[PDB]
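First the structure, which I've put down as structure tokens, then a few questions once you've had a look.
Note that the chains take the letters A, B, C, D and E in the order they are written out, and that residue 1 is the start of every chain.
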Amino acid sequence: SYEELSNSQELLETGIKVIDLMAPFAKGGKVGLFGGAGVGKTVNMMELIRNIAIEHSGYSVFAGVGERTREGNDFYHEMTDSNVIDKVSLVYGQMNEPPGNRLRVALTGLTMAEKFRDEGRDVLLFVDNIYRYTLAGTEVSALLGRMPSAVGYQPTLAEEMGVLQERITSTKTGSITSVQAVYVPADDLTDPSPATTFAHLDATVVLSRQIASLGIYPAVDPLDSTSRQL
Amino acid sequence: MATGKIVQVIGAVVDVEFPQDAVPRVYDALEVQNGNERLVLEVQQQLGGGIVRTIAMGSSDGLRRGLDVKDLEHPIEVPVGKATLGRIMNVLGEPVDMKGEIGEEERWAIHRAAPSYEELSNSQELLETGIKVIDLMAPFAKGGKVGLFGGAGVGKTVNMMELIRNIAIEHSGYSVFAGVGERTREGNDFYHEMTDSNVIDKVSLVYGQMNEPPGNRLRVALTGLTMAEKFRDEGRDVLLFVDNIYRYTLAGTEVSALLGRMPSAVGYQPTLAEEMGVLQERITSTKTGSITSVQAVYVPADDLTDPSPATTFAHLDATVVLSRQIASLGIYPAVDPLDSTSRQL
Amino acid sequence: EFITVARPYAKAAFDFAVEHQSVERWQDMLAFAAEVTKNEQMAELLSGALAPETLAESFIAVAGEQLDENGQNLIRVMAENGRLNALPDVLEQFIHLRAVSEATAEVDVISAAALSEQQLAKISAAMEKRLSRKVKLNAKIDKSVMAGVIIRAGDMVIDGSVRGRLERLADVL
Amino acid sequence: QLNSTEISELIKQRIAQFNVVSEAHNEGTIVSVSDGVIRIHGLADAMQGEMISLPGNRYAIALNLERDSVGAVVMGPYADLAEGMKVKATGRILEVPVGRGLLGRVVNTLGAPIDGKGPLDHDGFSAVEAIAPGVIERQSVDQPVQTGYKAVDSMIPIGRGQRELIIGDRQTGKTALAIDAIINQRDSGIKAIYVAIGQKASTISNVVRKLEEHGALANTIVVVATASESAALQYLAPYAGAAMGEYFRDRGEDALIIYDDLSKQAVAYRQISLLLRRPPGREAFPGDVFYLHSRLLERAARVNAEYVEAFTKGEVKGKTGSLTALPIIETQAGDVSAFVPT
Amino acid sequence: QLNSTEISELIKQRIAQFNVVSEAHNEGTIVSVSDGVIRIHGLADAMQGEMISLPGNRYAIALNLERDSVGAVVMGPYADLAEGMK
């Protein structure tokens, strides 16, 4: 409920220089990494996992939604070889699985993160790719007998995104801190799915292929990355 | 008696069924009691046995399936002539100035054919606006059409008001103002301007405002044009001011989607050019009398290239194309001399 | 083709006929309705755009020897939805539903040689082992099999023809 | 070739008796449930735009009246509903609590308190859908609405009864400018209304916190339709706020309504339309999307003192009322050419 | 109890009795009117591109020959026409 929500100004330092200066991210808020194919939004999240785990003590949940199985396998063995696995819970719905699995795997991960919130803890929730969740709905939508909307998307896109986004939030009993990778198709930052994703985030870091091609990593665009905390 | 029943209600489109013998004709008018209020319907299509698809001339809220409907066996007919001067009326020709009944002696139908080819007239009497760029680059004749082409916020209303001041006061004759999809605030401003100028008693006003249902805005222009034609056939020379032709086409688009017409390019109706032509051809000067017309046209996004501005260019004698770029630099009037001209030059 | 829109009417009419047990009478009523639909002068009318009420009552006047309460009211429903041409298919699906309910099946027996009565007898017994339903055998004679018997229980087919055995062998090599 | 909700047991009922009895035209049954749209069989007397009562305490709005079907959109959590549930049509169009006691409250689009400060002390109910004052009932705008920003108040004046569009891309200060305009009315005699469509709930909490740090909250009504609420509630949220603004206008007072992301309303009406299988248009928006915003924004008016005397039955004499609108629109990389922005 | 031939003859008899006649192959009736396009039921012998004669000395053109109707376009003011005209 709106009555149950909470707000905090506490800066949660992240090692990466660009993210903290341009877009500071506070504990209990939402962070979104926007980028096209192969621009570093998975690797940036692994650096955030490393740096945030320095000063965080509690449990964490990881939702692998419609991404490579190899990334998850490598992640799992890095976690187990560093003995930090005892504190992370993992759900996997990777890109080879049929549409229903990829659609409902995200909701499952939120269920677990909400348990650890409701125990009064603070929780870190990482979502491997939220774009796939909307795309699974697209893949299913026409077969359900629904007229297409905008660029072939399902007519209920905004509600499908909102109904998931509004429950990954902090409350007066506990707080969820979340990082979401947001794939953008064909490098088009005006596409309706990325466009409606922008409104649901506190800090948005926008990666760009032009900067990665110049060798500059992490390829953050300082003229589009922003935060509510600056 | 009432001989028909409503079978569907979808937005502004009302489906009515009658016995197969007495099916109303296209552009006929029907009447139904919506709660306490009388609602007028206009017949657009005859489809199947006994059913007519119709457009509501008022709010659709409160209509039930199975309501009785009565077929008034004629198109919508409006009061015309001397009794309309100084009065504000809606699409149906009802009084909305709260001064009482119109008290007309004659009523005409808003759907009619254009003047015959044999009946047209050619004359080139020049008219003086007092405005440099217009008088210089786009001189007006008398009896021609004048298009003021512009996007949002470029001076169409200010130019129309200045042109009204300069032409109307010197005209020494009747005039008609048609507000099609016009802002209510600007209609009030114009009415108070006309009464403060003490010229209101030579002007008849028809208003269909933005908030009104698509049926009202669609047929408002035809109402004003019918009044102008009444004054023309009496043998007079009259001014017809139409505050935006674009929303006639746009009301047509909203209607067309639900009429079951298959969509066309840029989302427009298939009938766009036909509808425009059926309106514009009535606006002419004949061997018996003259209508002089000034029309504003909204060009979306300053494109000037999408079908509605494209189709309307063909009909006009004088063309003035206001440009956002000149206005933005702060120069008024914003007329572009490289795209504006009159066939009187 | 009205195969998919006929099912609701066939099912509903069959259930109602069962509740009032006059299934055979209902089948007669529908047979009469299907034959009037094939008439040259009626098939023109049914395609015209008359309002359902007038069209239906013309059909009802023509449709004598039906039950006003139930059969002619089925006609009214089909007229409303503009589906009177579905009657020749509603009839077939009603007959299918009856065959299912009566646990009785119709099957075809095909051979190049006219079958002896003992062959048909043993076929019927064996089929009643394979099929829970009782079986009505239909004899068709076609030189195509060249020898042997083709068993055709609708979509379920058991092929016992020499030619079938031969053209099956040809693809093994 | 397709079926049209002609299904077995309904057909059998009609077979038993074609001219089925009158029974009650007041009631019917749900035959389908999906994505917040329900189809109802029956309801012979349901009017277009009427509220339909559902099991529990929930409602739907009858939007499509078709040949033996009503299409209705559910104004809440729909997934609990089921086929075969009975429904009854009310006589009622949607109405919302209205009054002076709403100042300082946060409410949903049905006017239910959402801040937890207890029940409302409203002044009766007003219809959500209503007609604007006519041409002869307006008065020209001449009084100022002081925004407090030098650039706006100098170059782009806003008067009492004006409709001023705020338009730009994401993260450009639209929300901040509007809400600072609310704060500047803290000591101006203009009541303020902020209606938020499709925004995430914690952002609304944050702006209410900023409105509470300054003294502005005690002078404003906040109407909320979060991203998790059904499209019907988002689509109807602007009109309820307008119905609350019209209370002050019709009684000779001034109000300022800040519609936030009217675009996130247009998406909602589109969702309803495409789920109701109406013919789509440009960018797949419904054809009648212009009429939506057109009949919302034309309620923002200044009304002459004779209208105020006629409405208040002479209780208030000689004062004009006003409602000022500040819609907010989001552009895709600034292209004014898009359908809703144009 | 009755056979197919019997039922067929009875159907033809009762069809004759209640006067459900068929069109003449060169004639038909308008069944829909919209936007200058008219739908005609009948005209079994009409050919594509042929001229269809309307009342009031008006013309139309047979453009869309269909299984159950002839879609034709009016070459003049169309608004007079009505569902049911020959």
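Brief remarks on what is shown
Rule of thumb we're sticking to: contacts are C-beta pairs under 8 Å (C-beta built on N, C-alpha and C of every residue); 3 or more make two chains touch, one makes a residue touch a chain.
Common neighbours of chain A and chain E under the contact definition above are absent. Counting C-beta pairs in contact, the pair that comes out ahead of the other among C-E and B-C is C-E.
Distance from each chain's C-alpha mean to the overall C-alpha mean is smallest for D. For this pair, chain A with chain C, the centres built from the Cα atoms lie 59 Å apart. Centroids built from CA atoms put chain E at 39 Å from chain B. Centroid to centroid, with C-alpha atoms defining each point, chain A and chain D lie 32 Å apart. Between chain D and chain E the centroid-to-centroid distance comes to 50 Å (mean Cα coordinates, whole Å). Among the residues of chain E, those touching two or more other chains are numbered 31-32, 83. Multi-chain contact residues, meaning those touching two or more other chains, occur in chain B at positions 20, 48-50.
In chain C, 49 are the positions where the chain touches two or more neighbouring chains simultaneously.
Contacts between chains, counted with the stated touch criterion, involve the pairs A-D, B-C, B-D, B-E, C-D, C-E. On chain E, the positions that touch chain C within their shared complex are 1, 4, 7-8, 11-12, 14-15, 17-18, 20-23, 29, 31-32, 39, 41, 67-69, 83. On chain D, the positions that touch chain B within their shared complex are 44-50, 64-67, 93, 129, 131-136, 138-141, 161, 278-279, 281-282, 286-288, 290-291, 294-295, 298-299, 301, 336-337, 342.
Partner chain D is touched in their complex by these residues of chain A: 1-3, 5, 7, 144, 146-150, 155-156, 158-159, 161-163, 165-167, 169-170, 189-190, 195, 198-200, 204, 226, 228. Remark: chain B residues 17, 19-20, 48-50 touch chain C in the complex.
Touching chain C in their complex are the following residues of chain D: 1-4, 6-9, 11-12, 14-18.
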